[PDB]
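Notes to accompany the following structure.
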Amino acid sequence: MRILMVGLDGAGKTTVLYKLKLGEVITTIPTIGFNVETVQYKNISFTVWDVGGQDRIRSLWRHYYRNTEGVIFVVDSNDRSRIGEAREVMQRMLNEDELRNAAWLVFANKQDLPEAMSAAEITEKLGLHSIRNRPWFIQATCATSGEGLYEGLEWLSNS
Amino acid sequence: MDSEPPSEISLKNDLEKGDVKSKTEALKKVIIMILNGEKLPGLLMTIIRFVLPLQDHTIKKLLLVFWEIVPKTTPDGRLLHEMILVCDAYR
Amino acid sequence: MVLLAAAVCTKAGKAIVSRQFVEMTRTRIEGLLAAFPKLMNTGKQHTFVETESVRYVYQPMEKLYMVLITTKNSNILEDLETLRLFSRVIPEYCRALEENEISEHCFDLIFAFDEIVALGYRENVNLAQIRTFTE
């Protein structure tokens with residue numbers, strides 16, 4: 001299974017990936033580029049493309065769209081200023097023809113932080129209810145603990 | 001591929017295949033058809049996707065090659081930006 | 001630019017692989033190489049021969065011409081010297097000249113062309129230098 005994981009910078013995309021691959025919480029640098037890794041979960045081998053979220057790189061995601069079976073969209077639940085921006089990025093991503101049938105999994109992340117928005121709140125802000133054309137799911141996660149990560153891999157594998 | 005102007009559908013297939021040699025050969029086949037002067041933009045997203053960050057020189061060199069002879073014309077996988085897919089991860 | 005293109009030709013009537021440093025000679029490259037290199041660049045077994053107001057420097061290898069073309073010139077020694085260095089680099093990639101094997105290593109040759117002559121100004125290359133790039 002081919003997976004594209006994106007989201008704004010600092011959402012926790014690489015932390016998520018290497019928690020999944022190494023069971024370890026690594027010390028990230030901003031990703032100017034991608035990381036690509038293969039992860040085994042329950043007889044599925046997920047090839048995850050973690051593509052950096054800062055602006056220059058954001059402009060490049062479209063090259064990773066093609067062949068994508070599922071999309072992990074990571075959100076920093078503690079950052080309320082950038083939630084609209086996330087909504088804007090994700091909405092036009094939903095309009096992409098190469099992403100047309102891909103399974104849509106939102107991770108509301110850093111759920112560990114006291115003022116993190118809830119997954120329900122995030123669902124309203126991102127406009128997730130309005131997707132009728134394909135599968136979507138939202139999952140509260142904490143990439144450092146590992147909470148919600150495998151519930152994500154589970155949902156994804158049931159595409 | 002000496003000069004074969006309709007072969008762009010096969011090149012897309014050959015450009016990502018999970019085999020590095022095939023990808024290199026494909027990108028090479030694109031170069032030779034452009035230099036003669038033949039069809040090339042269909043491929044762009046495929047071309048750009050494997051190679052981008054890597055320090056692995058041969059594909060990078062190949063992509064680097066294709067950016068001095070047609071970068072401006074091709075726009076499927078590049079479009080128009082300041083830090084295009086010609087140079088963003090080529091920093 | 002002083003050096004329009006650096007080109008490997010087959011006198012099949014086409015430019016087998018060729019390099020346009022900056023977008024100028026695309027299709028133009030093939031027509032020049034195809035007509036002129038067939039006649040031995042219109043030569044008589046002379047390394048410099050000029051035809052249709054374009055300087056062609058060449059070396060025959062089989063049914064193929066390794067060709068340097070200029071239409072301007074800075075020095076005598078220089079034009080030959082880039083061609084010459086090219087001729088050390090080309091059998092490493094293609095085991096002499098031959099259209100099918102030249103065709104297969106479009107990338108190799110083309111990359112060398114950019115490296116050897118940059119924006120028409122004759123830089124220098126060597127077979128070890130070439131390696132770092134195709135690595």
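Observations on the model:
- Hypothetical label at A:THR144: residues of the range A:5-27 whose amide nitrogen lies under 20 Å (7 Å Cα-Cβ projection): A:8-27
- Cross-link partners for A:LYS42 among the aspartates and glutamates, with Cα-Cα distance under 13 Å and sequence neighbours closer than 8 places in the same chain left out: A:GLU151, A:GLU154.
- Normalising the average separation of contacting C-alpha pairs (under 8 angstrom, six or more residues apart) by the number of residues puts the relative contact order of chain C at 27 percent.
- Temperature 20 °C, viscosity 1.002 mPa s: under these conditions the Stokes-Einstein estimate for the range C:1-85, based on its Kirkwood radius over C-alpha pairs, is 172 µm² per second.
- Neighbour-count ranking [beta-carbon atoms within 10 angstrom, fewest first] of A:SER159, C:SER103: A:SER159, C:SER103
- Inter-label distance, nm, simple model (7 Å from Cα along the C-beta direction), A:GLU98/C:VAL2: 4.3 nm
- Whole-number percent relative contact order across chain A, with pairs defined as alpha carbons under 8 Å at least 6 apart: 24 percent
- Counting only residues at least eight positions apart within a chain, or on another chain, the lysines with an alpha carbon under 23 Å from that of B:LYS60 are B:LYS12, B:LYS17, B:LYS21, B:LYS23, B:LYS28, B:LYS29, B:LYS39, B:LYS72.
- Computed helical MRE - 222 nm, the protein assembly as shown, DSSP H runs ≥ 4 contributing -39500 (n - 2.57), nearest 500: -10500 deg cm²/dmol
- The protein assembly as shown, dipole about Cα centre (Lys/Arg Cβ +1, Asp/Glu Cβ -1), debye to the nearest 20: 540 debye
- Electrostatic dipole magnitude of chain C [Cβ: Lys, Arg +1; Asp, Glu -1; Cα centre; debye, to 20]: 420 debye
- Along the axis of the charge dipole computed for the protein assembly as shown (Cβ charges of +1 for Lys and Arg, -1 for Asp and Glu, origin at the Cα centre), the listed residues C:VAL67, A:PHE34, B:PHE50 are led at the positive end by C:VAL67.
- A:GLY10 long-range amide H proximity, modeled H, under 5 Å: A:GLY53
- Taken along its three principal axes, the alpha carbon spread of chain A comes to 37, 34, 32 Å, from the longest extent down to the shortest.
- Here the Debye sum runs over all C-alpha atoms of chain B as equal scatterers in vacuum, and log10 of I(q)/I(0) at q = 0.11, 0.12, 0.19 Å⁻¹ comes out as -0.26, -0.32, -0.82.
- Each of the trypsin sites (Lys or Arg not before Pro) that DSSP puts in a loop and that has at most 15 other Cβ atoms within 10 Å breaks chain C; the longest unbroken stretch is C:1-43.
- Cubic angstrom per residue, convex hull over Cα atoms of the range A:83-159: 92 Å³
- Of all DSSP beta bridges in the protein assembly as shown, antiparallel share, percent nearest 5: 60 percent
- Share of Cα-Cα pairs in the protein assembly as shown lying beyond 39 Å, as whole percent: 32 percent
- Its convex hull of Cα atoms gives the range A:68-112 a direction-averaged projected area, equal to a quarter of the hull surface, of 3.1 nm².
Since every read-out is calculated from the coordinates, none of them should be taken as a lab result. Every residue, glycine among them, receives a Cβ derived from its backbone with ideal geometry; neighbour counts consider all protein chains shown.
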